[PDB]
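First the structure, in the form of structure tokens, and then the observations on it.
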Amino acid sequence: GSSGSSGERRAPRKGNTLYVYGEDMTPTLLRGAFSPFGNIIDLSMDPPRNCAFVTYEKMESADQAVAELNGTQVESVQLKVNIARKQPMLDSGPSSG
């Protein structure tokens, strides 16, 4: 009998920001952890909720990371990435930051 589900949960690819969650991970860590996928233009960490918002210069990466970085164990730390919800078209090159 089929051990598990036949295949994986199909899903589209779109988004700039990514919802990351960890326990013993640091900002500088995510920098070299998400960099491999692409360029980080927006990376923020919230000790309170122990999460991190990493934005990629492109949308192609957003799905990528969420596909690999999802449930991945980097630097001896399990990082949980997801496609942030409610992320409409946002400027890429902010001048009046």
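A note on labels: chains of the structure tokens are A, B, ... as shown, every chain counts residues from 1, and ligands are counted from 1 in their shown order.
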For range 15-32 of chain A, work out the shell of residues within 7 Å, counting only C-alpha atoms and skipping chain neighbours fewer than 3 positions away, then give it as a list in words.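 In the requested form, the answer reads residues 35, 36, 45, 50, 51, 52, 53, 54, 55, 56, 58, 59, 62, 77, 78, 79, 80, 81, 82, 83, 84 and 87 of chain A.
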Please, could you write that set of residues out with N, CA and C atoms as a CSV table (one decimal), in the first residue's frame?
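Printed below is part24.csv as written:
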chain,number,residue,atom,x,y,z
A,35,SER,N,21.7,34.2,0.8
A,35,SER,CA,22.5,34.8,-0.3
A,35,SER,C,22.7,33.8,-1.5
A,36,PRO,N,23.0,32.5,-1.1
A,36,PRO,CA,23.3,31.5,-2.1
A,36,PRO,C,22.1,31.4,-3.1
A,45,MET,N,15.2,40.8,11.4
A,45,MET,CA,15.0,39.7,12.4
A,45,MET,C,14.2,40.2,13.6
A,50,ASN,N,11.0,35.3,17.1
A,50,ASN,CA,12.1,34.5,16.6
A,50,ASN,C,11.9,34.2,15.1
A,51,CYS,N,11.7,35.3,14.3
A,51,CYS,CA,11.5,35.1,12.9
A,51,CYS,C,12.4,36.1,12.1
A,52,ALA,N,12.4,35.9,10.8
A,52,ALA,CA,13.2,36.8,9.9
A,52,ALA,C,12.5,36.9,8.5
A,53,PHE,N,12.6,38.2,8.0
A,53,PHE,CA,12.0,38.5,6.7
A,53,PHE,C,13.1,38.7,5.7
A,54,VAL,N,13.3,37.8,4.8
A,54,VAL,CA,14.3,37.9,3.8
A,54,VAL,C,13.7,38.2,2.4
A,55,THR,N,14.1,39.3,1.8
A,55,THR,CA,13.5,39.6,0.5
A,55,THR,C,14.6,39.4,-0.6
A,56,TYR,N,14.1,38.8,-1.7
A,56,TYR,CA,15.0,38.6,-2.8
A,56,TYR,C,14.8,39.6,-3.9
A,58,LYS,N,14.6,39.2,-6.8
A,58,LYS,CA,13.8,38.6,-7.8
A,58,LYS,C,12.7,37.7,-7.2
A,59,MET,N,11.6,37.4,-7.9
A,59,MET,CA,10.6,36.6,-7.4
A,59,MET,C,10.9,35.1,-7.6
A,62,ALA,N,12.3,33.8,-4.4
A,62,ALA,CA,11.2,33.6,-3.3
A,62,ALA,C,10.8,32.2,-3.2
A,77,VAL,N,21.0,24.6,12.5
A,77,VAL,CA,19.8,25.2,12.9
A,77,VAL,C,18.7,25.0,11.8
A,78,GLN,N,17.6,24.5,12.3
A,78,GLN,CA,16.4,24.2,11.3
A,78,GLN,C,15.7,25.5,11.0
A,79,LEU,N,15.8,26.0,9.8
A,79,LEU,CA,15.1,27.2,9.3
A,79,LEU,C,13.8,26.9,8.6
A,80,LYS,N,12.8,27.6,9.0
A,80,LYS,CA,11.5,27.4,8.4
A,80,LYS,C,11.1,28.6,7.5
A,81,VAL,N,11.2,28.5,6.2
A,81,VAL,CA,10.8,29.6,5.3
A,81,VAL,C,9.5,29.4,4.7
A,82,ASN,N,8.8,30.5,4.4
A,82,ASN,CA,7.4,30.4,3.8
A,82,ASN,C,7.1,31.6,3.0
A,83,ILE,N,6.2,31.5,2.0
A,83,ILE,CA,5.8,32.6,1.2
A,83,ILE,C,4.9,33.6,1.9
A,84,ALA,N,5.5,34.6,2.5
A,84,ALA,CA,4.8,35.6,3.3
A,84,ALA,C,3.4,35.9,2.6
A,87,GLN,N,1.6,40.1,0.4
A,87,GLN,CA,2.8,40.8,-0.1
A,87,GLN,C,2.6,41.3,-1.6
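All residues in chain A with a DSSP state of strand (DSSP E), computed from the backbone, read residues 17, 18, 19, 20, 21, 40, 41, 42, 43, 44, 45, 46, 51, 52, 53, 54, 55, 56, 72, 73, 74, 77, 78, 79, 80, 81 and 82 of chain A.
With only C-alpha atoms as the atoms that count, the residue of A:66, A:33, A:43, A:74 with the shortest distance to residue 13 in chain A is A:66.
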Measuring atom to atom with only C-alpha atoms, identify which of A:34, A:96, A:57, A:41 is nearest to residue 69 in chain A. A:34
Here is a test: counting only C-alpha atoms, which residue of A:49, A:85, A:14, A:9 is nearest to residue 63 in chain A? A:14
Quote the spacing between CA of residue 72 in chain A and CA of residue 3 in chain A in Å to one decimal place.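 Between CA of residue 72 in chain A and CA of residue 3 in chain A the gap is 22.8 Å.
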Can you check which residues of chain A DSSP gives as helix (DSSP H, G or I) on the backbone and send them as a ChimeraX atom specification? /A:27-34,59-68
Selected residues, C-alpha atoms, written as a PDB file, in the first residue's frame, please.
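Writing done, so here's out-v3.pdb:
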ATOM      1  CA  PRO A  27      20.773  37.779  11.119  1.00  0.00           C
ATOM      2  CA  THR A  28      24.346  37.501   9.843  1.00  0.00           C
ATOM      3  CA  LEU A  29      23.644  33.784   9.451  1.00  0.00           C
ATOM      4  CA  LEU A  30      20.601  34.209   7.208  1.00  0.00           C
ATOM      5  CA  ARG A  31      22.691  36.598   5.112  1.00  0.00           C
ATOM      6  CA  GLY A  32      24.965  33.795   3.950  1.00  0.00           C
ATOM      7  CA  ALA A  33      22.135  31.267   4.052  1.00  0.00           C
ATOM      8  CA  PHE A  34      19.738  33.134   1.762  1.00  0.00           C
ATOM      9  CA  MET A  59      10.557  36.591  -7.377  1.00  0.00           C
ATOM     10  CA  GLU A  60      12.127  33.438  -8.815  1.00  0.00           C
ATOM     11  CA  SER A  61      14.216  33.127  -5.650  1.00  0.00           C
ATOM     12  CA  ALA A  62      11.248  33.611  -3.323  1.00  0.00           C
ATOM     13  CA  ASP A  63       9.809  30.270  -4.433  1.00  0.00           C
ATOM     14  CA  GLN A  64      13.263  28.686  -4.596  1.00  0.00           C
ATOM     15  CA  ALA A  65      14.274  29.362  -0.994  1.00  0.00           C
ATOM     16  CA  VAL A  66      10.808  28.434   0.270  1.00  0.00           C
ATOM     17  CA  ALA A  67      11.395  25.184  -1.613  1.00  0.00           C
ATOM     18  CA  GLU A  68      14.891  24.436  -0.315  1.00  0.00           C
TER      19      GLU A  68
END
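Reported to one decimal place, the separation of CA of residue 47 in chain A from CA of residue 93 in chain A is 27.0 Å.
CA of residue 70 in chain A lies 28.2 Å from CA of residue 94 in chain A.
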